[PDB]
A.B. asks: 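The structure is given below, and queries will be raised subsequently.
Residues take their numbers from the sequence shown, with the count starting at 1. All ligand and atom numbering here is 1-based and tracks the order in the structure.
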Amino acid sequence: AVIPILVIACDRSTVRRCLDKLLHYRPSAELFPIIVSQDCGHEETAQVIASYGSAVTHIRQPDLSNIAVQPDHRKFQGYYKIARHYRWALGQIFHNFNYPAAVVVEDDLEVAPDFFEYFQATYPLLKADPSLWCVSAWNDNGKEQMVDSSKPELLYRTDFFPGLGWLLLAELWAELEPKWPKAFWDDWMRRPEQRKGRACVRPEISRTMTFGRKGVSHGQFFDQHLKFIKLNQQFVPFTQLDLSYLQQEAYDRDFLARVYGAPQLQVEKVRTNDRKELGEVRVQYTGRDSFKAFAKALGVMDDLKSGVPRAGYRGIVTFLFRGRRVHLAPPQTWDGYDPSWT
Ligand SMILES: CC(=O)N[C@H]1[C@@H](OP(=O)(O)OP(=O)(O)OC[C@H]2O[C@@H](n3ccc(=O)[nH]c3=O)[C@H](O)[C@@H]2O)O[C@H](CO)[C@@H](O)[C@@H]1O
Ligand SMILES: [Mn+2]
């Protein structure tokens, strides 16, 4: 099973940093061929990629024309270009190279030492559980003081598609390509019409980190959140672990029981670190206002996509807060997301 790393690039020479780390950590060239798809025609970025010679396969998006945006998107042509490139690059991977799957990595991401180990261990889970539609390296709330460094092996299921270093099966591309959007591809996949209740595996500690300060999007989201996501440094031999706990029939019984079996604690008590004998608690939210207030009070990303919170699963956001395991969760009667929660 050959799993290619598809690197998306355009006009940043710092794709160098991305490639150096991938190539440095790659355990097998044959198992993980690196295909760098470059859009934009930026000469310097092209030479940088070319300088790797046979270590990579350099392909170039063929259509550099400007894109006619809808009336509401004058300021967002960059996003149209990203979607068009993804469509072409992914089509190359699955139609031309004909690979059974691929790990998508943008040019401004640095991978952790166990990046490949992580994906070779979770690929079989993705293939065996159809309720899963991706494996992501990203923990949306993976800031340093919000993750347990003593559990770098801990993984989770999430309804919130993280992207940022993610594996998909050729089977999924078959589903998406026919209806691929003109822009904002990641938020589009977050919609239920695309997701269809499926989840991704995400880790306690991220296997990628971003340094792309300047890019298509403006730097506010990167400056206030993305730059703080910590890169895992301790190598975990995921291929030697039993990851059967991530299968739907085990996770939805065990993890949920764990969450709703945990004692409930007032958000204020958690914030000030009161009642420390409760090493694992549930902070229950009941409405949209309480969710965003409690989220903000504990330092969790508080925005919602199609009603789903960052790293949420059945509405539950799990993270570490001042050394305490916390599950910001809805009442046990939760029964599906509400896109009206914005
Ligand atoms: C951290 C985060 O959530 N980043 C997302 C953000 O991009 P973000 O705001 O991070 O913008 P970037 O500049 O990093 O561009 C994202 C990717 O698009 C490529 N690119 C850029 C310009 C262009 O004309 N052609 C092209 O192919 C870049 O090389 C890069 O690999 O929104 C994009 C969706 O719209 C997603 O793809 C990114 O994952
Ligand atoms: Mn970026």
A.B. asks: Do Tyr251 and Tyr156 have ring centroids that are under 6.0 Å from one another?
C.D. replies: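 So the answer is no for these two rings.
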
A.B. asks: Among the N, O or S atoms that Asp108 has, which is closest to the Mn ion (ligand 2)?
C.D. replies: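 The nearest such atom is OD2.
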
A.B. asks: Regarding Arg157 and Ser131, do their side chains bring together a donor and an acceptor under 3.5 Å, going by distance alone?
C.D. replies: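 There is such a pair between these side chains.
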
A.B. asks: If only side-chain N and O atoms count, and only distance matters, is there a donor-acceptor pair under 3.5 Å linking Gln61 with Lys81?
C.D. replies: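 Looking only at side-chain atoms, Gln61 and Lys81 do not form any donor-acceptor pair under 3.5 Å.
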
A.B. asks: Is the distance from the Mn ion (ligand 2) to some N, O or S atom of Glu106 under 2.8 Å?
C.D. replies: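 Short answer: no, not a single N, O or S atom is under the cut-off.
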
A.B. asks: Do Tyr80 and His85 have ring centres separated by under 6.0 Å?
C.D. replies: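 For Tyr80 and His85, the ring centres are not under 6.0 Å apart.
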
A.B. asks: I'd like the residue list for ligand 1, meaning every protein residue with a non-hydrogen atom under 4.0 Å from the ligand.
C.D. replies: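 Under the 4.0 Å cut-off, ligand 1 touches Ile8, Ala9, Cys10, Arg12, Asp39, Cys40, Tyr79, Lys81, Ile82, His85, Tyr86, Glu106, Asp107, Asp108, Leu164, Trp185, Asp186, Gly215, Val216, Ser217, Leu226.
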
A.B. asks: For the residue pair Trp180 and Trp185, categorise the inter-ring angle as parallel (less than 30°), tilted (30 to 60°) or perpendicular (more than 60°).
C.D. replies: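 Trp180 and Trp185: parallel rings.
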
A.B. asks: Any chance the side chains of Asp63 and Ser65 put a donor and an acceptor closer than 3.5 Å?
C.D. replies: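 Side chains of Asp63 and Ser65: pair found under 3.5 Å.
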
A.B. asks: Could you check, using the six-membered ring where one of them is a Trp, whether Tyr285 and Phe294 have ring centers closer than 6.0 angstrom?
C.D. replies: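 Centroid distance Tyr285-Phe294: not below 6.0 Å, so no.
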
